[PDB]
>>> print(open('target-v9.csv').read())   # CSV, C-alpha atoms
chain,number,residue,atom,x,y,z
W,1,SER,CA,78.4,102.7,73.9
W,2,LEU,CA,76.6,99.5,72.9
W,3,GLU,CA,75.9,99.9,69.1
W,4,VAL,CA,76.5,97.1,66.6
W,5,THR,CA,80.2,96.8,65.9
W,6,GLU,CA,81.8,98.6,62.9
W,7,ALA,CA,82.9,95.7,60.6
W,8,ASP,CA,86.1,95.7,58.7
D,2,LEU,CA,124.6,116.8,91.6
D,3,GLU,CA,122.3,116.5,94.6
D,4,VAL,CA,123.5,113.7,96.8
D,5,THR,CA,120.9,111.0,97.5
D,6,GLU,CA,119.0,111.1,100.9
D,7,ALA,CA,120.0,107.9,102.7
D,8,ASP,CA,118.0,105.5,104.7
D,9,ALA,CA,119.7,104.9,108.1
D,10,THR,CA,118.0,103.4,111.1
D,11,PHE,CA,115.1,102.3,108.9
D,12,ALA,CA,117.1,101.1,105.9
D,13,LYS,CA,115.9,97.9,104.3
P,29,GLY,CA,86.4,86.0,93.3
P,30,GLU,CA,88.6,84.9,96.2
P,31,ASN,CA,92.0,83.8,94.7
P,32,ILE,CA,94.1,85.3,91.8
P,33,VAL,CA,94.0,83.1,88.6
P,34,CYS,CA,96.1,85.5,86.4
P,35,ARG,CA,97.3,89.0,86.0
P,36,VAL,CA,96.5,91.0,82.9
P,37,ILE,CA,99.0,93.7,82.0
P,38,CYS,CA,98.1,96.1,79.2
P,39,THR,CA,101.2,97.1,77.3
P,40,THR,CA,99.8,99.8,75.1
P,41,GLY,CA,98.8,102.2,77.8
P,42,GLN,CA,95.0,102.3,77.9
P,43,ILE,CA,94.3,100.3,81.0
P,44,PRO,CA,96.0,99.7,84.3
P,45,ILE,CA,96.9,96.2,85.7
P,46,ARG,CA,93.9,94.0,86.4
P,47,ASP,CA,93.6,90.6,88.0
P,48,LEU,CA,91.2,87.8,87.1
P,49,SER,CA,90.0,86.0,90.3
P,50,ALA,CA,88.0,83.0,91.3
P,51,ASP,CA,86.9,81.2,94.5
P,52,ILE,CA,88.1,77.6,94.4
P,53,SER,CA,85.1,76.5,96.6
P,54,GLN,CA,82.5,77.9,94.2
P,55,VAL,CA,84.5,76.5,91.2
P,56,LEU,CA,84.3,73.0,92.7
P,57,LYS,CA,80.5,73.3,92.7
P,58,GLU,CA,80.2,74.0,89.0
P,59,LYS,CA,79.2,70.9,87.1
P,60,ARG,CA,80.1,72.0,83.6
P,61,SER,CA,83.6,71.5,82.3
P,62,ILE,CA,84.3,75.2,82.2
P,63,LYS,CA,84.3,76.4,85.8
P,64,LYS,CA,84.4,80.1,85.2
P,65,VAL,CA,84.3,82.6,82.3
P,66,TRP,CA,85.7,86.1,82.1
P,67,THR,CA,84.5,88.2,79.2
P,68,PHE,CA,86.5,91.1,77.6
P,69,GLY,CA,84.6,93.6,75.4
P,70,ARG,CA,83.4,97.1,74.7
P,71,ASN,CA,80.2,96.6,76.8
P,72,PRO,CA,81.0,97.6,80.4
P,73,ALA,CA,78.9,94.7,81.5
P,74,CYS,CA,81.9,92.6,80.7
P,75,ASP,CA,84.4,91.5,83.4
P,76,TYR,CA,87.2,93.4,81.6
P,77,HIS,CA,86.3,96.6,79.7
P,78,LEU,CA,88.2,97.2,76.5
P,79,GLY,CA,87.0,100.8,76.1
P,80,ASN,CA,84.6,102.6,73.7
P,81,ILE,CA,86.3,101.6,70.5
P,82,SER,CA,83.7,101.0,67.7
P,83,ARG,CA,85.7,98.3,65.9
P,84,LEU,CA,85.9,96.2,69.1
P,85,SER,CA,83.0,93.9,69.8
P,86,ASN,CA,80.5,94.4,72.7
P,87,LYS,CA,81.6,90.8,73.8
P,88,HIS,CA,84.9,90.4,72.1
P,89,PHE,CA,86.8,87.4,73.6
P,90,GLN,CA,86.4,85.1,76.6
P,91,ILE,CA,88.9,83.4,78.9
P,92,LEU,CA,87.7,80.1,80.1
P,93,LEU,CA,88.9,78.3,83.3
P,94,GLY,CA,88.9,74.6,82.5
P,95,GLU,CA,88.4,71.6,84.8
P,96,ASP,CA,92.0,71.2,85.8
P,97,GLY,CA,92.8,74.9,85.8
P,98,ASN,CA,93.8,75.4,82.1
P,99,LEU,CA,93.1,78.8,80.8
P,100,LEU,CA,91.5,78.9,77.3
P,101,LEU,CA,91.1,81.8,74.9
P,102,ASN,CA,88.0,81.9,72.7
P,103,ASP,CA,87.5,84.6,70.1
P,104,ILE,CA,83.9,85.6,69.6
P,105,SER,CA,84.5,89.0,67.9
P,106,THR,CA,83.6,90.5,64.5
P,107,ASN,CA,87.0,91.9,63.7
P,108,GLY,CA,89.3,89.4,65.3
P,109,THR,CA,91.6,88.5,68.2
P,110,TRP,CA,95.4,87.9,67.9
P,111,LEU,CA,97.5,85.6,70.0
P,112,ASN,CA,101.3,86.2,69.9
P,113,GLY,CA,100.9,88.1,66.7
P,114,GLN,CA,98.7,85.5,64.9
P,115,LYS,CA,95.0,86.0,64.1
P,116,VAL,CA,93.2,83.1,65.8
P,117,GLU,CA,90.4,81.1,64.3
P,118,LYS,CA,87.0,82.4,65.5
P,119,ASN,CA,85.4,80.2,68.2
P,120,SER,CA,88.3,77.8,68.4
P,121,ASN,CA,89.7,77.4,72.0
P,122,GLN,CA,93.4,78.2,72.3
P,123,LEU,CA,95.3,76.9,75.3
P,124,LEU,CA,97.0,79.9,77.0
P,125,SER,CA,100.6,79.9,78.4
P,126,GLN,CA,102.7,82.1,80.6
P,127,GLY,CA,103.4,85.4,79.0
P,128,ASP,CA,101.1,85.0,76.0
P,129,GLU,CA,100.1,88.3,74.3
P,130,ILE,CA,96.5,88.8,73.4
P,131,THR,CA,95.8,91.7,71.0
P,132,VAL,CA,92.7,93.4,69.6
P,133,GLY,CA,92.1,96.2,67.1
P,134,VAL,CA,94.7,95.1,64.6
P,135,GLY,CA,94.1,96.8,61.3
P,136,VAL,CA,93.9,100.3,62.6
P,137,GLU,CA,97.2,101.2,64.4
P,138,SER,CA,95.5,103.7,66.7
P,139,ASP,CA,93.0,101.1,67.9
P,140,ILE,CA,95.6,98.4,68.9
P,141,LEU,CA,95.1,97.3,72.5
P,142,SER,CA,97.6,94.6,73.6
P,143,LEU,CA,97.5,92.5,76.8
P,144,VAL,CA,100.0,90.1,78.3
P,145,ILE,CA,98.9,87.3,80.6
P,146,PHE,CA,100.7,86.0,83.7
P,147,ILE,CA,99.3,82.9,85.2
P,148,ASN,CA,99.3,82.0,88.9
P,149,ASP,CA,100.7,78.5,88.9
P,150,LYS,CA,99.9,78.2,92.6
P,151,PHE,CA,96.1,78.7,92.0
P,152,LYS,CA,96.3,75.9,89.4
P,153,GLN,CA,98.1,73.6,91.8
P,154,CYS,CA,95.6,74.4,94.6
P,155,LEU,CA,92.6,73.8,92.3
N,32,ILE,CA,113.4,98.1,70.2
N,33,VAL,CA,114.7,95.7,72.8
N,34,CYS,CA,112.0,96.1,75.5
N,35,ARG,CA,109.1,98.2,76.8
N,36,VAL,CA,109.1,99.6,80.3
N,37,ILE,CA,105.6,99.9,81.8
N,38,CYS,CA,105.4,102.0,85.0
N,39,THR,CA,102.6,100.5,87.0
N,40,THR,CA,102.6,103.2,89.7
N,41,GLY,CA,101.7,106.0,87.3
N,42,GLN,CA,104.5,108.5,87.5
N,43,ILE,CA,106.0,107.8,84.0
N,44,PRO,CA,104.6,107.2,80.5
N,45,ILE,CA,105.5,104.1,78.5
N,46,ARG,CA,109.0,104.1,77.2
N,47,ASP,CA,110.8,101.7,74.9
N,48,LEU,CA,114.6,100.9,75.1
N,49,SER,CA,116.5,100.6,71.8
N,50,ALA,CA,119.8,99.3,70.4
N,51,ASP,CA,121.1,99.2,66.9
N,52,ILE,CA,121.6,95.4,66.2
N,53,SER,CA,124.3,95.7,63.5
N,54,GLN,CA,126.5,97.7,65.8
N,55,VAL,CA,125.7,95.4,68.7
N,56,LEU,CA,127.4,92.5,66.9
N,57,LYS,CA,130.2,94.8,65.9
N,58,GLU,CA,131.0,95.2,69.6
N,59,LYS,CA,133.2,92.7,71.4
N,60,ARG,CA,132.7,93.2,75.1
N,61,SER,CA,130.4,90.6,76.7
N,62,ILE,CA,128.2,93.5,77.6
N,63,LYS,CA,126.6,95.0,74.5
N,64,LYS,CA,124.8,98.0,75.9
N,65,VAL,CA,123.9,99.7,79.2
N,66,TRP,CA,120.8,101.7,80.0
N,67,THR,CA,120.9,103.7,83.2
N,68,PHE,CA,117.9,104.4,85.4
N,69,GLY,CA,118.1,107.2,87.9
N,70,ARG,CA,117.2,110.6,89.3
N,71,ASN,CA,120.0,112.2,87.2
N,72,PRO,CA,118.4,113.5,84.0
N,73,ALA,CA,121.5,112.4,82.1
N,74,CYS,CA,120.3,108.8,82.6
N,75,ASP,CA,118.7,106.9,79.7
N,76,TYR,CA,115.5,106.5,81.8
N,77,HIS,CA,114.7,109.3,84.3
N,78,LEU,CA,113.0,108.0,87.4
N,79,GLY,CA,112.0,111.5,88.6
N,80,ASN,CA,113.0,113.9,91.3
N,81,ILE,CA,112.6,111.6,94.3
N,82,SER,CA,115.4,112.5,96.8
N,83,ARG,CA,115.8,108.9,98.1
N,84,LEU,CA,116.4,107.5,94.6
N,85,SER,CA,120.0,107.5,93.4
N,86,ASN,CA,121.3,109.8,90.7
N,87,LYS,CA,122.3,106.5,88.9
N,88,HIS,CA,120.1,103.9,90.6
N,89,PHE,CA,120.1,100.8,88.6
N,90,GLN,CA,121.3,99.5,85.2
N,91,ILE,CA,119.8,97.2,82.6
N,92,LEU,CA,122.5,95.5,80.6
N,93,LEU,CA,122.3,93.9,77.2
N,94,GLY,CA,124.4,90.7,77.2
N,95,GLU,CA,126.0,89.0,74.2
N,96,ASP,CA,123.1,86.6,73.8
N,97,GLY,CA,120.3,89.1,73.6
N,98,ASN,CA,119.7,88.7,77.3
N,99,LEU,CA,118.9,91.5,79.7
N,100,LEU,CA,120.5,91.9,83.1
N,101,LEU,CA,119.6,94.0,86.2
N,102,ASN,CA,122.3,95.7,88.2
N,103,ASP,CA,121.6,97.7,91.3
N,104,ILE,CA,124.1,100.5,92.1
N,105,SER,CA,121.9,102.5,94.4
N,106,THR,CA,122.1,103.8,98.0
N,107,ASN,CA,118.6,102.6,99.2
N,108,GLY,CA,118.0,99.5,97.2
N,109,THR,CA,116.3,97.9,94.2
N,110,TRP,CA,113.6,95.2,94.3
N,111,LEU,CA,113.0,92.5,91.7
N,112,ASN,CA,109.6,90.7,92.0
N,113,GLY,CA,109.2,91.9,95.6
N,114,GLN,CA,112.7,90.9,96.8
N,115,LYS,CA,115.6,93.2,97.5
N,116,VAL,CA,118.5,92.4,95.2
N,117,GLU,CA,122.2,92.1,96.1
N,118,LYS,CA,123.9,95.4,95.3
N,119,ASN,CA,126.3,95.3,92.3
N,120,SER,CA,125.2,91.8,91.4
N,121,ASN,CA,123.9,91.1,87.9
N,122,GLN,CA,120.4,89.4,87.9
N,123,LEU,CA,119.0,87.9,84.7
N,124,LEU,CA,115.6,89.5,83.8
N,125,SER,CA,112.6,87.6,82.6
N,126,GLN,CA,109.5,88.6,80.7
N,127,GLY,CA,107.1,90.5,82.9
N,128,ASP,CA,109.6,91.0,85.7
N,129,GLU,CA,108.8,93.9,88.1
N,130,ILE,CA,111.5,96.2,89.2
N,131,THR,CA,110.6,98.3,92.3
N,132,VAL,CA,112.5,101.3,93.9
N,133,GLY,CA,111.8,103.6,96.8
N,134,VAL,CA,110.5,100.9,99.2
N,135,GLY,CA,110.3,102.2,102.8
N,136,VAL,CA,108.3,105.3,102.0
N,137,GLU,CA,104.9,104.8,100.3
N,138,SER,CA,105.0,108.2,98.5
N,139,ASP,CA,108.3,107.2,96.9
N,140,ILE,CA,107.5,103.8,95.5
N,141,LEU,CA,107.9,103.3,91.8
N,142,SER,CA,107.3,99.9,90.0
N,143,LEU,CA,108.2,99.0,86.5
N,144,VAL,CA,107.4,95.9,84.5
N,145,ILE,CA,109.7,94.9,81.6
N,146,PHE,CA,108.3,93.6,78.3
N,147,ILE,CA,110.9,92.1,76.1
N,148,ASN,CA,110.6,92.4,72.3
N,149,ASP,CA,111.2,88.8,71.1
N,150,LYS,CA,111.8,90.1,67.6
N,151,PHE,CA,115.1,91.7,68.8
N,152,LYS,CA,116.6,88.4,70.2
N,153,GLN,CA,115.6,86.7,67.0
N,154,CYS,CA,117.4,89.3,65.0
N,155,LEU,CA,120.3,88.1,67.1
>>> encode(input="target-v9.csv", output="C-alpha cells")
Amino acid sequence: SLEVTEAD
Amino acid sequence: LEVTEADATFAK
Amino acid sequence: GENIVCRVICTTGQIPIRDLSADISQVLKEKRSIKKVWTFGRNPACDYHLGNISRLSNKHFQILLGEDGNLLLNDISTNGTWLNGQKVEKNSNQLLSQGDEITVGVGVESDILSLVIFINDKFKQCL
Amino acid sequence: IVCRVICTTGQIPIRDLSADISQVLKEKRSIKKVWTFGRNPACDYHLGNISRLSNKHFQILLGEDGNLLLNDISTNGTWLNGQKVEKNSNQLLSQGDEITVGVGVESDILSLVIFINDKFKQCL
C-alpha cells in the first residue's frame, strides 16, 4: 500500500 | 544407497 | 530495456533474481548526465518492488546509470539505506562496485531486506 | 557463518554453512573443513531426491586461508558459472559464483549462488 512511511 | 542414474549417449 | 546492466540477487529470501536492463541506443539519446534511473521502493510503480513493508519508503533508493556507465546509489528514504553494512548519507551519490551489498530495513531484524549487485562489465565496455 | 547458499531454482530454502573458527586454526591439514552436497541425506547440504544427482555430488572445501574451493565428484557433472568443471579438480570459488547441477534434463536443473561472509575471513 502507498501510505506515508512509518518513521523510526 | 540408490546408485545414481547415469547419462550415457547424451552425457555432457 | 535491451541489454543487462546488472543482476540484483536478494540474499534474505523475499525476492527472486532480477536484472536491470537498458538499451544502449536510447541511452545515447539522453542529453542529461544520468542516462537511466531505476527506482527501488514499496510503491509497485517502482522498477524494483521492495514489498509492502511500512518502514520502507514508497520511493526508497535509486540506482543511476552515469555517462560512462558508472552505477551510482542514491538514498532518498525516510529510514535509511546501507551499503556494505554502513548507513549512507541521504541524497549523496555512492559509486557502486562489483559485489556491493545494499540493505534496507535495518533497525527491525524482521524487516531486513538485503541485495547484492553484480555488474555486467561488458555492457559498460559496449556503452 | 562462512557462507550463504541461495538456490535460485526454487527447490531449496536458504541455508548457511558454518565452521568454528577457533577449532579451524587448531587443525593442521591444508583443508580446514569439507561440506558435502548430494542426494544422500547424510550430506551436509541435501540436493533432493533427483535420481541423476550423485549421492555425494560435489564438495565445498574451506582452505587454510579462509578460501572456498569447489570439488566435483559426481557421475553426471557440475557446472560453475555455466561451464562444466573438470571432475576431481579443486576450483576456487568467488563471491556470487553460481554452481549448477542436473544439466541435460530441464526438470532436474538446480542452481545455487554462494554468498561469502567476509566477517569470517577477517576472523581469520
>>> closest_residue(input="target-v9.csv", among="P:61, P:40, P:67, P:114", to="residue 91 of chain P", atoms="all atoms listed in the file")
P:67
>>> interface_residues(input="target-v9.csv", of="chain P", to="chain N", cutoff="12 Å", atoms="all atoms listed in the file", output="list in words")
residues 35, 36, 37, 38, 39, 40, 41, 42, 43, 44, 45, 46, 112, 113, 126, 127, 128, 129, 142, 143, 144, 145, 146 and 147 of chain P
>>> residues_near_point(input="target-v9.csv", point="(121.8, 102.2, 81.8)", cutoff="10 Å", atoms="only C-alpha atoms", output="list in words")
residues 48, 64, 65, 66, 67, 68, 69, 74, 75, 76, 87, 88, 89, 90, 91, 92, 93, 101 and 102 of chain N
>>> closest_residue(input="target-v9.csv", among="N:49, N:138, N:153, N:85", to="residue 7 of chain D", atoms="all atoms listed in the file")
N:85
>>> atom_distance(input="target-v9.csv", atom1="atom CA of residue 122 of chain P", atom2="atom CA of residue 68 of chain P")
15.6 Å
>>> closest_residue(input="target-v9.csv", among="N:135, N:81, N:50, N:118", to="residue 9 of chain D", atoms="only C-alpha atoms")
N:135
>>> closest_atom_pairs(input="target-v9.csv", of="chain P", to="chain W", cutoff="12 Å", atoms="only C-alpha atoms", output="tab-separated table")
residue	atom	partner	partner_atom	distance
P:69	CA	W:2	CA	10.2
P:70	CA	W:2	CA	7.4
P:71	CA	W:2	CA	6.0
P:72	CA	W:1	CA	8.7
P:73	CA	W:2	CA	10.1
P:74	CA	W:2	CA	11.7
P:77	CA	W:1	CA	11.5
P:78	CA	W:1	CA	11.5
P:79	CA	W:1	CA	9.1
P:80	CA	W:1	CA	6.2
P:81	CA	W:1	CA	8.7
P:82	CA	W:6	CA	5.7
P:83	CA	W:6	CA	4.9
P:84	CA	W:5	CA	6.6
P:85	CA	W:5	CA	5.6
P:86	CA	W:2	CA	6.4
P:87	CA	W:5	CA	10.0
P:88	CA	W:5	CA	10.1
P:105	CA	W:5	CA	9.1
P:106	CA	W:7	CA	6.5
P:107	CA	W:8	CA	6.3
P:108	CA	W:8	CA	9.7
P:133	CA	W:8	CA	10.3
P:134	CA	W:8	CA	10.4
P:135	CA	W:8	CA	8.5
P:136	CA	W:8	CA	9.9
>>> closest_atom_pairs(input="target-v9.csv", of="chain D", to="chain N", cutoff="7 Å", atoms="all atoms listed in the file", output="CSV")
residue,atom,partner,partner_atom,distance
D:5,CA,N:85,CA,5.5
D:6,CA,N:83,CA,4.8
D:7,CA,N:83,CA,6.3
D:8,CA,N:107,CA,6.2
>>> residues_near_point(input="target-v9.csv", point="(86.7, 78.1, 77.6)", cutoff="10 Å", atoms="only C-alpha atoms", output="ChimeraX atom specification")
/P:61-66,90-95,98-103,119-123
>>> atom_distance(input="target-v9.csv", atom1="atom CA of residue 130 of chain N", atom2="atom CA of residue 113 of chain N")
8.0 Å
>>> residues_around(input="target-v9.csv", residues="residue 154 of chain N", least_positions_apart="3", cutoff="8 Å", atoms="only C-alpha atoms", output="ChimeraX atom specification")
/N:52,150-151
>>> atom_distance(input="target-v9.csv", atom1="atom CA of residue 116 of chain N", atom2="atom CA of residue 104 of chain N")
10.3 Å
